[PDB]
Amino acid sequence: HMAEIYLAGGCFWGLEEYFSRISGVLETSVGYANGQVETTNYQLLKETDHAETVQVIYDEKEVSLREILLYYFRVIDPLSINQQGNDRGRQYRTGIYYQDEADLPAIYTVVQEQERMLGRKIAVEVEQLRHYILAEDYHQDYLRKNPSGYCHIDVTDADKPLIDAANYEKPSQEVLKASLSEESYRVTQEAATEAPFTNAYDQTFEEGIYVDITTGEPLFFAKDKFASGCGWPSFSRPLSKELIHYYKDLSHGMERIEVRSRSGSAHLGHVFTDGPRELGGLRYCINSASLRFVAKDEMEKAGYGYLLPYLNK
């Protein structure tokens, strides 16, 4: 089974190329949608109130609408009004246009989730697709004609893993108080710190991924774990998604940046700016007690199979 969804997110040259590179998408195009007249072109665009839109035909079996949407919100400014990058105007307004009216429940779930996490309603408009005028030929697959053409978005983000927080809801407090080891609870829920070198993964360096012991949400890649002499597991960056981390200002006799997990809000440790400069210079110092290692082999059955393709960059 296959479906279609229309996404407006600024200049469509970068937006289409981005979606063409997504697993599950099988056909993309660009056009003008929801203007004030039934027809337009690139010249009358600024006069017809049409929004540059990218049509995305995908296979529900390979990629869900929800997923397409998550990929959409990671490439657009959700609060910007009539502007993305350096393009200003209504033709660059953000919009999610649906054909099938059964798409609403999923669209609304994603929209409200974005808002709940931003505290404020987003600027992205969601409405019925009134009409979609296919853009001229020079616009279609533009970047796939001009490999180095203009582009304000990093299309190589479409090839980055996307972890859906919904798949890892934070267990109940009580259930945690009972499922977590006294050590793991104190560190994760009270911001305690495990001993320096006696922790479980300080010297662990096997293929695989490190996960949030409190939720199961993926946090770091074994390939980003580097040898540190501080005694605690250390990584150069969160699992190919900086959205997995929440930073907070901490004043415990010093001034440091505390790091917690997205879903679950588990205290993980602290991040410093003294890591390998060849890797970004960051040093995410994490308590083994907040993590749960998952070996590459026991990964698929563990339910983290989708990450197998990223394990070794």
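One rule holds for the numbers: they count along the sequence shown, beginning at 1.
Averaged over CA atoms, B-factors in the entry run higher in 40-48 than in the other of 262-270 and 40-48. Checked against the record, the higher mean CA B factor of 126-134 and 105-113 lies with 126-134. Out of 76, 192, 151, 81, the entry records its largest CA B-factor for 151. Looking only at 69, 26, 244, 257, the residue with the top Cα B factor in the deposited structure is 26. Ranked within its chain, residue 248 lands in the middle third, by CA B factor from the PDB record. Sort the chain's modelled residues by C-alpha temperature factor and residue 281 lands in the lowest third, per the entry. The deposited CA B-factor of residue 147 belongs to the highest third of values across its chain.
Split the chain's modelled residues into thirds by C-alpha temperature factor. Residue 22 is in the lowest one. Per the PDB record, residue ranking by Cα B-factor puts residue 11 in the lowest third of the chain.
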